[PDB]
């Protein structure tokens, strides 16, 4: 029985925009939960962030987490952008709302409920868990059931 919650995530998309999906594995309490869904029209980046979102939102108490992903988007966001975006009221240099702000605020709210340890894996060197996520993400995109509301060609 693990002393840390372990989460693995991946996202996939067939176009820009296109039908995509995500896969997430959550090792919580003494179970392994698997989340995966496809969306009819979305992007690779929204799907990546959605992976993280659904897994953290499943947590009911404050946890000590370790999140493993090979997503560059999440990494860039977490390590270089989010900090400056919270101080700027979630706007770009040119005062427009940041890209995927719906998702980044949503994620931001889920991150602040826990202690997070980020583990950036390499595309070709993750655990069997990351590969299973890649696999779920890809399966989901081939059979989209949901609508990705937040998506705009736009802002």
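Numbering follows the first chain given and starts at 1.
Relative to its counterpart among 42-50 and 29-37, 29-37 has the higher mean temperature factor, C-alpha atoms as listed in the PDB entry.
Stretches compared: 118-126, 90-98. Higher mean C-alpha B-factor in the entry: 118-126. In the PDB entry, residue 9 places in the lowest third of its chain by CA B-factor. Sort the chain's modelled residues by C-alpha temperature factor and residue 15 lands in the highest third, per the entry. Compared with the other modelled residues of the chain, the Cα B-factor recorded for residue 136 ranks in the lowest third.
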